[PDB]
Structures are given as C-alpha cells and as structure tokens.
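These notes are about the structure you will find just below.
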Amino acid sequence: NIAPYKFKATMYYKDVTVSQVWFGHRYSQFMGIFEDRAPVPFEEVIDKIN
Amino acid sequence: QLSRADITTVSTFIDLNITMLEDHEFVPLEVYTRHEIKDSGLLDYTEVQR
Ligand SMILES: *[C@@H]1O[C@H](CO)[C@@H](O)[C@H](O)[C@H]1NC(C)=O
C-alpha cells in the first residue's frame, strides 16, 4: 500500500494582520506589514464556533 | 449382400492427435498506475501552491 492514509480534518486560525502606514503630503505608503496565523483555543472552537 | 460395418474393423493407422494452441487475449495490467504513483507522495507542490 503506497497510498497515504487520507482522512478529513478541519482547520481553525485567525489571520492577524497589522500594517504600518505612512501618510505623506499627497500619498500613502505601507512602511511594513506583519501577517501571522493565530490559532483558535479549544474554548472558542467548542463554545463559540461549534 | 452385407453392409461394410457388419465386419469388425481394426485401425491400421498410427493415430497422432494434434491440438492447436488456443487463442489468448492479454488484458492491460499495472501494479501501480501513474496516478497512484503521483498520489503516493505525502505532499504535492502543485496542489499546495494552488
Ligand atoms: C486423439 O488421439 C488419440 C490417440 O492419442 C485417439 O485415440 C483419439 O481418437 C483422437 N481423437 C479424439 C477425439 O480423442
């Protein structure tokens, strides 16, 4: 048997994204963007999502 | 007058039975199809990137 064991699963995460913006006299620019996948706790996955 | 089959007959010939080789049909057979081999990998860069 070479076929990998396949099973269904559900992912839970929050795309935390905090960006730094510089406002010029006539333009806007992104001085930095930080993207992170924050996990969801068991309490929220059970008592809030499910 | 008597029929030809009324007298006992003995075969003076040395019989040789010849059984021709029966036709055989070969069906396709593969241990692992190309799809199975591709699926053997745990991860696929194409699907993951898509
Ligand atoms: C086949 O050969 C045998 C001898 O080996 C003979 O006795 C027989 O009559 C032949 N034919 C058949 C239909 O068996």
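By order of appearance in the structure tokens: chains A, B, ..., then residues from 1 within every chain, and ligands from 1 in the order shown.
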
- Task: Could you list the residues in chain A lying within 7 Å of chain B, using only C-alpha atoms, and format the result as a PyMOL selection string?
- Result: chain A and resi 2-4

Next, write the just-selected residues to a file, as a PDB file, in the first residue's frame, keeping N, CA, C and O atoms as the atom set.
ATOM      1  N   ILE A   2       0.851   1.981  -1.115  1.00  0.00           N
ATOM      2  CA  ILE A   2       1.627   3.211  -1.236  1.00  0.00           C
ATOM      3  C   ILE A   2       0.752   4.449  -1.066  1.00  0.00           C
ATOM      4  O   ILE A   2       1.282   5.550  -0.868  1.00  0.00           O
ATOM      5  N   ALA A   3      -0.565   4.301  -1.140  1.00  0.00           N
ATOM      6  CA  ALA A   3      -1.456   5.445  -0.991  1.00  0.00           C
ATOM      7  C   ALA A   3      -1.434   5.940   0.454  1.00  0.00           C
ATOM      8  O   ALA A   3      -1.658   5.144   1.372  1.00  0.00           O
ATOM      9  N   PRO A   4      -1.174   7.230   0.707  1.00  0.00           N
ATOM     10  CA  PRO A   4      -1.169   7.700   2.098  1.00  0.00           C
ATOM     11  C   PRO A   4      -2.554   7.633   2.720  1.00  0.00           C
ATOM     12  O   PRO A   4      -3.574   7.724   2.033  1.00  0.00           O
TER      13      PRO A   4
END

Given only C-alpha atoms and all ligand atoms, how would the per-residue table for chain B near ligand 1 read, listing every residue at most 12 Å away with its closest atom pair and distance in Å to one decimal, sorted by chain and number, as a Markdown table?
| residue | atom | partner | partner_atom_place_in_ligand_line | distance |
| --- | --- | --- | --- | --- |
| B:11 | CA | ligand 1 | 7 (O) | 10.5 |
| B:13 | CA | ligand 1 | 6 (C) | 10.8 |
| B:14 | CA | ligand 1 | 4 (C) | 8.4 |
| B:15 | CA | ligand 1 | 4 (C) | 5.5 |
| B:16 | CA | ligand 1 | 2 (O) | 5.7 |
| B:17 | CA | ligand 1 | 2 (O) | 4.0 |
| B:18 | CA | ligand 1 | 1 (C) | 7.4 |
| B:19 | CA | ligand 1 | 1 (C) | 8.7 |

- Task: Would you please extract all alpha helix (DSSP H) residues from chain B, as assigned by DSSP on the backbone, and give them as a ChimeraX atom specification?
- Result: /B:34-39,45-49

- Task: Using atom CA of residue A:36 and atom CA of residue A:19 as the two end points, give the distance in Å to one decimal.
- Result: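 Spanning atom CA of residue A:36 to atom CA of residue A:19 is a straight-line distance of 11.5 Å.
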
- Query: Just how far from atom CA of residue B:45 is atom CA of residue A:34, in Å to one decimal?
  - Reply: 25.0 Å

- Message: Ranking A:41, A:49, A:35, A:7 by minimum distance to residue A:20 and counting only C-alpha atoms, which one comes first?
- Response: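 Among the listed residues, the smallest separation from residue A:20 belongs to A:35.
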
- Message: Please compute the atom CA of residue A:37-atom CA of residue A:14 distance, one decimal, in Å.
- Response: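 A separation of 5.5 Å between them.
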